[PDB]
Amino acid sequence: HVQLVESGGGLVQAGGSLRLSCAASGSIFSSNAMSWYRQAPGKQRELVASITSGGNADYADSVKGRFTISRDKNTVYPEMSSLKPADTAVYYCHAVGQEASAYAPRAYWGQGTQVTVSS
Amino acid sequence: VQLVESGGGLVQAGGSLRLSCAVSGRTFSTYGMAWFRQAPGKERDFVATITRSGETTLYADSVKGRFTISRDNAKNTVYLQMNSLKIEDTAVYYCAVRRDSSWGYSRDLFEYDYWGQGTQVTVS
Amino acid sequence: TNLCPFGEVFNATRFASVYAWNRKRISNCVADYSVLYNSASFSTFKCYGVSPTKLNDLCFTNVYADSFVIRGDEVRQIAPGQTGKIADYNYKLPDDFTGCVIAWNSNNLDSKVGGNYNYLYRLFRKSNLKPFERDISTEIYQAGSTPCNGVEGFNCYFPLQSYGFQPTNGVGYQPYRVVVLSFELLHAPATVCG
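Throughout, a per-chain count from 1 in the order the sequence is written supplies the residue numbers; the entry may number residues differently, and those without coordinates are omitted. For this description, chains carry letters from A and ligands carry numbers from 1, given in the order in which they are written. Calculated side-chain values reflect all of the structure's heavy atoms, with hydrogen atoms and water omitted.

Looking at the method and resolution fields of the entry, one finds cryo-EM and 3.73 Å.

Peer 1: Just checking my understanding: could you explain the interface of chain C and chain A for this structure?
Peer 2: Accessible area lost during the coming together of the parts is what is often quoted as the interface size. The contact criterion used throughout is that any non-hydrogen atoms of two residues lie within 4.5 Å. Contact residues are listed per partner, giving 22 residues for chain C and 23 residues for chain A. Two parts placed together each lose some accessible area under a 1.4 Å probe, and the buried area is that loss summed for both. Counting each side, the surface lost to burial between chain C and chain A is near 1700 Å², with a carbon and sulfur contribution of 51%. One side-chain nitrogen of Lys or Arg within 4 Å of one carboxyl oxygen of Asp or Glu is enough to make a salt bridge. Remark: the boundary between chain C and chain A carries zero salt bridges. Of all the secondary-structure elements, those providing two or more residues to the side of chain C that touches chain A are β1 (22–26) and β6 (160–162) of chain C. Think of it this way: any DSSP run of H or I at least four residues long counts as a helix, any run of E at least two long counts as a strand, and we number them from the N terminus. A total of three residues in the side of chain C that touches chain A trace back to one element, the largest contributor, which is β6 of chain C.

Peer 1: Before we go on, may I ask you to explain the arrangement of the chains in this structure?
Peer 2: Inter-chain contacts occur across two pairs of chains; the most extensive set of contacts lies between chains A and C. At the level of C-alpha atoms, the two units chain A and chain B stay apart, their nearest approach being 28 Å.

Peer 1: Would you mind showing me how to read the pattern of salt bridges here?
Peer 2: Oppositely charged side chains can form a pair if their charged atoms are brought close together. In total, this model carries ten salt bridges over all chains according to the counting rule given. Between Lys73 of chain A and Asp72 of chain A there is a salt bridge; the shortest N-O distance is 3.7 Å. Burial classes follow relative accessibility: with a 1.4 Å probe on protein chains only, a residue under 20% of its type's maximum area counts as buried, one over 50% as exposed, and anything between as partly exposed. On the basis of relative accessibility, which here comes to 61%, the residue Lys73 of chain A falls in the exposed class. Residue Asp72 of chain A is classed as partly exposed on the basis of its relative accessible area of 42%. One network of salt bridges, with partners in common, ties together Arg37, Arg66 and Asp89 of chain B.

Peer 1: Explanation requested: unusual backbone geometry in the structure shown.
Peer 2: For residues other than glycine, phi is negative in most cases, and the peptide bonds are mostly trans. A positive phi angle is found at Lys73 of chain A, which is not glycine, with a value near 45°. Position of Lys73 of chain A relative to the elements: it lies in the loop between β5 (67–72) and β6 (75–80).

Peer 1: Help me understand the side chain of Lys46 of chain C, please; the structure alone is not making it clear to me.
Peer 2: Position of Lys46 of chain C relative to the elements: it lies in strand β2 (residues 44–48). The buried charged residue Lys46 of chain C lacks any salt bridge partner; its closest oppositely charged side chain belongs to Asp100 of chain B, at an N-O distance of 11 Å. In this view, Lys46 of chain C contacts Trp103 of chain B together with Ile78, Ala79, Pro80, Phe97, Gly99, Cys100 and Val101 of chain C; residues no more than four positions away in its chain are not counted. Positive charges come from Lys and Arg, negative ones from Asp and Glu, while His and the chain ends are left out of the count.

Written as structure tokens, this is what we have:
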């Protein structure tokens, strides 16, 4: 099993910038593309970002640029800036899990990270 | 429709022969001819090949510069000459015409048709 | 004098997956073919739309570097006018494809004995991909009465699977690293020349 959990969350300031760091610790890893999704009340899952194995990353028009992800040596470096009250949501991470048909035939869906703007 | 390989026999030291290999088909343009050495129950070595451009050519690490490669368009006959024979250059010669139509610089055997009869020589 | 960024692409320690083939830009740089040939010795080379010797003076506007890894027996899949699992459900290209492709082998370099499942590939997908299209989703391809669950086995097809590559396997089953230089000679400024 691969534990992709990074952090529970934290406070967000007006026009803040948070630089998370993936633990990248657990079982054997692989150069598998990842996806970054958003959730919130009244809205379904949204395709916010999709990053390949270090080649390039595709982002939605709303989230283009002001959220970014980089892949290097099986490591994810997120760069976030210009956070506004509209960003209060839950982040979801989607990865690829193959050796999981023995005891947990489920996709490696990381725990949702709640983010809210509050001084 | 099968590839013809005339000649053969045995050649001792200080001898020469022309390996006349002919293609029955009339689509010689689309055949990316390529050659490789054949061995009995052993890995098949790579051999130089004539580039589709004609003027240029290719060199193989195992053997290079000792084969009179000559493209033919009238009767699709190639006379593969052998010179400067050596244990490294001595093996079961085979004419393996490639049915694929593409530029060929490959070094693998995954893209060849068949190994029907082959030819070789006997040295005392 | 600008150094072309080709060494990293041709000397990368790791390679991307088939469903996430690495894509890189090549422009505003000067490269020499003689030095590359002297220092690089590839295994399989195939060029369509331009002769290998014509690149000496051609002023290519831009180039796309697509790097990935496939199975040896699947090497035939990557070609114009070809239909197959790799061509359709994993990576589709235009029928009139033009450009160069160089394929080599890393059997000795990547001779990782014991569970060499570092390479993953999509078994199947509901629909057929279009040219220059890619996806990294993990949608479950049910297409049947089986419950919509991610179970690998009979009567339940997982979206992805790990290739069974081993050093002792057959030659056709050995991995093959493929780098494709795609040329787009459109009405754009020229930036690459000899």
